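Here the Cβ positions follow ideal geometry from the backbone for every residue, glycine too, while neighbour counts run over all protein chains shown. Since every read-out is calculated from the coordinates, none of them should be taken as a lab result.
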Amino acid sequence: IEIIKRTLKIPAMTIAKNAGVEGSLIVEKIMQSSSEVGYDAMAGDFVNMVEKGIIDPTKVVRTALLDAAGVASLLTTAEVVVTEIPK
Amino acid sequence: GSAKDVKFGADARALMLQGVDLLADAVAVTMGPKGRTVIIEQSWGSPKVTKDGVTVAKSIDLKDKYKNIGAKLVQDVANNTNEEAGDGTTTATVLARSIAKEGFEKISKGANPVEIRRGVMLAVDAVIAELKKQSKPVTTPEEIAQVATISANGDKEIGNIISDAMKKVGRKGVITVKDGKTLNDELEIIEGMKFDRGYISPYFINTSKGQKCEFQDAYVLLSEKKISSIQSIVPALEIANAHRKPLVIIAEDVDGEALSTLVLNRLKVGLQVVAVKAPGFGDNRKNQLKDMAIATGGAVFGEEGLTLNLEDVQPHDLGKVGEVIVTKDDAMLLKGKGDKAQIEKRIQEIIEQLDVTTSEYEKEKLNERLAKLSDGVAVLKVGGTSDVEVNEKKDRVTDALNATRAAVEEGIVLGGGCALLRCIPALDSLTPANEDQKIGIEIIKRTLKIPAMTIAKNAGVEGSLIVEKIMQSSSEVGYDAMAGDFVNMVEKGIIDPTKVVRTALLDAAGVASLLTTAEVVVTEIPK
Amino acid sequence: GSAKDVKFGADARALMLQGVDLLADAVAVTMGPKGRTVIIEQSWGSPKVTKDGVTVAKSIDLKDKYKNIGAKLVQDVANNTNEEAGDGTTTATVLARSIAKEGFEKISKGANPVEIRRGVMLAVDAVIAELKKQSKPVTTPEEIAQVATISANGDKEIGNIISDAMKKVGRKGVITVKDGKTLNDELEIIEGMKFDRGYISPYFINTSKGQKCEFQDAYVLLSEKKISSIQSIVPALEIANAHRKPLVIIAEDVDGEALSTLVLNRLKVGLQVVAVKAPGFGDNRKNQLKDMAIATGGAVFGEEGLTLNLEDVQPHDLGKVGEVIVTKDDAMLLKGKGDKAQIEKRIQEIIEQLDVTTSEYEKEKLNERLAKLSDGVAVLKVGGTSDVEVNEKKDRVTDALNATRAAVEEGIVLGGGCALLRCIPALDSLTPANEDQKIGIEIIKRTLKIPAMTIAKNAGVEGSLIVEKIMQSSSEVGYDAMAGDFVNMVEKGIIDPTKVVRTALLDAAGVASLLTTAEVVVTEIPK
Ligand SMILES: Nc1ncnc2c1ncn2[C@@H]1O[C@H](COP(=O)(O)OP(=O)(O)OP(=O)(O)O)[C@@H](O)[C@H]1O
Ligand SMILES: Nc1ncnc2c1ncn2[C@@H]1O[C@H](COP(=O)(O)OP(=O)(O)OP(=O)(O)O)[C@@H](O)[C@H]1O
Ligand SMILES: [K+]
Ligand SMILES: [K+]
Ligand SMILES: [Mg+2]
Ligand SMILES: [Mg+2]
């Protein structure tokens, strides 16, 4: 549960980090803000996200999280890795 | 003569930054109360474990000569900080790495790095002025204990023992740190005048329980020249025997006929006499003998200037001590009957001699003489199980003693890197003369966050969030990284010496902003 | 005897030009107010950071011996320019590279490179004559400060302190540059006659506050031989004691019986006496002793020529000083009661001694004696946080001092490479004797734009446009590359010493035009 809770910040941090600002500070200020407020990384400002039209499809967000979590949490169960000798 | 390789611009600067980054990455793990140690291989024996930043810096040299140039420059930062202040070397290293990385990032074709350096040094002068305005002088021994505890990585016992030493021998007193043979630290206070010369012959022992010669209310005969003849020792013994008082003879050497006379009168009739060599090698020996003369109220015999002779001795020319203890390896004189005005005058003479010496070795002898005259000396014996633990702990004890002396000298500020963090508004108000000086001011403004971020990062938390919360807080509030809490820093005793903070910043900024002016680097072809 | 490789013609010249190009490319990054620095690895310790063109040139040696020949020749250019002018080495380097590249480009089967060199030297003579007509003598201390500021890479404080030192000790006065222990620069002015010999014994101290001997209206005894006997020192003390005046004894050495007499009379009765060793080692020692005698109005005893003896001393043979200060490491005589005509005669003698000798080491001693007699000396202590910063700054201080001395000697011209740019019409009027001399003249005419182009190029603008706009402007107009503006150059104080410009051009042209005569290069096979 804590792994997922930490992971939930990664998209906003990565978007802010590509924008050349410090992503953790941006995410902390988003979490401290009212629920309609987010970071316009293109403009570099904290805005009402729906009024600025910075929106995502629900299906895309849930699909990306589910698909990432399944494979990666299966990967983290591994103790032995078997590979072929390169020829 | 030697064949050289030359590289230009960004490739050269990137290689130098790799060297700087490797050294700073090794040093930065040691920072703060959750810093970890560094193990350095020693060629002759057991490896060294250290939390000391300059020690880690000086132990790292790199094969790539371009990387080694940057590593050597940050070694210069750490060493200069250690020499000036005795603490803060890790802080200086991380500040230097930050300034170098930011300066290298800002170099473009239109940029003027020398003017950027001018901006950097102007910003640093503004920060140092703000730090001096922030500073508060040390008033209480509790603040002394707090400074020493913080500098000793939170060891409250080291802070307590340094504070006790400074209570006993003075805040400016002589305090030395040495190996202890036990598990725990101990503080020894050497009172009176004790020097490292024992009895000349073992026949002067009167107290067998400690194998020492103990006298009370003793005459003291001081000789700047050696005593080897009968006539130069008979009348002093006649005075001692007529007054029925013990005699202590401190000379360069007592040997031959005079020594045999002393031993014969000691064994046969029971004459209360002891003979001790005069400590020191050269002018310091004469100075120490004159200090003993002033303390005891006697006169020095066999001197060059006045030429007083041992054949003509009067009872007033002999010093008087209330107590003397002579062991095999040391002698000790207690409550000498000298004139207080003479002693104060000699102390002031020693002080004026201290004001005109810059040898950094004669100042130690002068301070030790001052301490033998006034207050005694303190010895901190550092306990431990093995040599590696004792050396590791001795590094921290020495750091705490340096930090406490610096705090006495120039005051204290908030620890945790908060002092530099509260100087950022003093940079916001600056008006840069041009764009390059603006770039330099901004480099320093970003760099001022680095110590607090590094301390927090070693504590396993996100440093940028911690620093943002600090800057949003009231000016007395900082981050206790040991407790993981936001606290009033002064009340919790998380404080730093002002001298250490300003020294680390100045020494980092100078070297690193000079480094960021480079366009060409020339190295020798490796053979 | 060693086996040799031999290359011919264009391939050999291309390899040598690669060497010249590498060294000049490294040196050229330092030019002008937006020049950057070069970091040179040092084998024994910290790397050196430099903006000095000759320092960069001398540090670069190449493995390829054909390239190393060209690099060594441009090193000869930079070193020769440094030796005769003390500045302008970077300018000389870029001029030499330009002449080498242009000359190598013009070599064909019909070309005669020796006659091309003759043309190059004729053009350079015409340019130097035009520079001498362009030149203006320095009249104001403001121009002194401007010259020193420009030569110190725009540091106005360095220009101010050099101008202040030249105001205090004269424009031809002795000014030395040394390391300072502080952050900031400081000017010390040593007035009177001060030498590096302290008191012989510490018993002569009368003022405890600085541990020094301080006398006013003192007799002075000068002895060219040692004083070790009683009767040599008694009648001088008799004169001093009868006249109730302090005595200063400057001799080769006072030791033994005479020293014990001096100390005994000092301690017991309170005789005002001090003894100082005579400075210098050899003929310089007797010359300084005679200068002291002339300044004070006394006579030198124990000399070879006149054979005056210390047993027969009269009060007129004793010098008189208004003040004497004797510390542990130095002695200082102030307000000597000598004859003004005798002092001026000695000054004229020292001047005529300077006019006939060319050893460049005893000339320093003669200048030092001159300055002790006339105006004192100046010491510039260079501040900084680290040794690398102090060495970098001291290079520029030395450059500024050399440039200011050169401007005093031979006047000033416009900076920014504009002086050479205004000499191009003096080449347009030449009538070449043949085609090869015409080619050489054209080589110099193209080379004359190189310094202004390089200064502009380092400043991140297009140098050819800048130079074209300068040449289209009135003769007082040039490019302020630091400000990026076209300005009256003399009014903004962007000026150069005439000697530096002409030295750099002559030294570059000679070596590079000789290099362009080469058809065969012989090197050793590397082992
Ligand atoms: N509990 C704490 N919370 C926050 N900061 C602390 C705490 N304890 C100490 N510090 C800070 O840690 C820093 C000391 O770190 P450290 O001693 O590791 O490095 P240094 O003094 O820069 O260098 P060195 O000791 O290696 O010469 C000081 O700034 C001090 O204020
Ligand atoms: N603001 C400026 N604008 C234009 N030219 C300038 C300016 N300041 C200095 N200069 C010129 O820059 C040149 C000095 O460059 P620099 O001192 O870097 O090299 P150098 O004198 O040739 O050699 P070195 O100092 O290495 O011995 C002079 O021609 C000087 O007039
Ligand atoms: K540390
Ligand atoms: K230069
Ligand atoms: Mg520390
Ligand atoms: Mg120059």
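Couple of notes before you dig in:
- Straight-distance crosslink candidates among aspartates and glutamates, where the alpha carbon sits under 16 Å from B:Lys51 and sequence neighbours closer than 8 are dropped: B:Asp25, B:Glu41, B:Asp87, B:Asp155, B:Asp387, B:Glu389, B:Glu392, B:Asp395, B:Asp399
- Euclidean distance of C-alpha centroids, segment C:129-187 and segment B:139-216, integer Å: 56
- Farthest toward the positive end of the dipole of the protein assembly as shown, out of C:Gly159, C:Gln231, A:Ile85, is the Cα of A:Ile85, where the dipole comes from beta carbon charges about the Cα centre.
- Cα gyration tensor shape of segment C:296-344, rounded if a/c is under 1.5, else prolate or oblate by comparing a/b with b/c: oblate
- Rounded Å value of the spacing that divides the Cα centres of segment A:42-81 and segment B:298-348: 87
- Peptide A:27-34 - average C-beta neighbours from other chains (10 Å radius): 1
- More than 21 angstrom apart: percent of Cα pairs within segment B:33-153: 57
- Shielding value for C:40-47 is 6, the average number of Cβ atoms from other chains within 10 Å of each residue's Cβ.
- Contact order relative to length of segment C:120-225, as percent, for alpha carbon pairs under 8 angstrom and 6 or more apart: 12
- Label-to-label distance for A:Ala68 and C:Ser359 is 8.3 nm, based on points extended 7 Å past Cα in the beta-carbon direction.
- Residues of segment C:365-392 with amide N under 18 Å of the 7 Å Cα→Cβ point at C:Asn284: C:365-374, C:376-379
- Distance from segment C:450-466 to segment B:437-455 (C-alpha centre basis), Å: 34
- Seen against the Cα atoms of chain C and their longest principal axis, helix C:65-84 is set at about 50 degrees.
- Per-pair calculated FRET efficiency, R0 = 41 Å: C:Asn309 and C:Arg244 via Cβ, rounded to 0.05: 0.95
- Gyration tensor verdict on chain B (Cα atoms; rounded if a/c is under 1.5, prolate if a/b is larger than b/c, oblate otherwise): prolate
- Between helix B:498-515 and chain B: long-axis angle, C-alpha atoms, 0 to 90°, nearest 10: 50
- Pair A:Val80, B:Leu334: separation of 7 Å Cα→Cβ label points (nm): 7.7
- Residue order, fewest to most surrounding Cβ atoms within 10 angstrom, among C:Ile150, B:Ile325: B:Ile325, C:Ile150
- Placing a pseudo-label 7 Å from each Cα along the Cα-to-Cβ vector at C:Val234 and C:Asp387 gives an inter-label distance of 5.6 nm.
- Spin-label proximity, C:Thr176 to segment C:245-287 - amide N less than 13 Å from point 7 Å beyond Cα toward beta carbon: C:280
- On the beta carbon distance between C:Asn79 and C:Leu430, with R0 = 35 Å, the FRET formula returns roughly 0.70.
- Amide H contacts of B:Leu271: B:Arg266, each under 5 Å away and 5 or more positions distant or on a separate chain (H built 1.01 Å from N in the peptide plane; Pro and chain starts excluded).
- Relative to the longest principal axis of the Cα atoms of chain A, helix A:23-32 runs at roughly 60 degrees.
- Relative contact order, percent, chain B [alpha-carbon distance under 8 Å, six or more residues apart]: 28
- Cα-based shape type of the protein assembly as shown, given that a ≥ b ≥ c are square roots of the gyration tensor eigenvalues and the cut on a/c is 1.5: oblate
- Sequence ranges C:82-92, B:278-288, ranked by mean other-Cβ count within 10 angstrom, highest first: C:82-92, B:278-288
- Efficiency of FRET between B:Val461 and A:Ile55 - r from beta-carbon atoms, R0 30 angstrom, step 0.05: 0.35
- The charge dipole of segment C:234-367, taken about its Cα centre with unit charges on the Cβ atoms of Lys, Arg (+1), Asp and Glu (-1) only, comes to about 740 debye.
- DSSP bridge orientation in the protein assembly as shown - percent antiparallel, rounded to nearest 5: 65
- Note on B:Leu131, C:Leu515, C:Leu427: ascending count of other Cβ atoms within 10 Å places them as C:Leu427, B:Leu131, C:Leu515, the fewest first.
- Max mean-square fluctuation residue, GNM over chain A, Cα-Cα springs under 10 Å, options A:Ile26, A:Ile55, A:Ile15: A:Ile55
- Residues of segment C:184-203 with amide N under 19 Å of the 7 Å Cα→Cβ point at C:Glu349: C:193
- Shielding by partners for peptide B:508-518, expressed as the average number of C-beta atoms from other protein chains within 10 Å of each residue's C-beta, is 5.
- DSSP-defined beta bridges in chain C - what % are antiparallel, rounded to 5: 70
- Whole-number percent relative contact order across chain A, with pairs defined as alpha carbons under 8 Å at least 6 apart: 13
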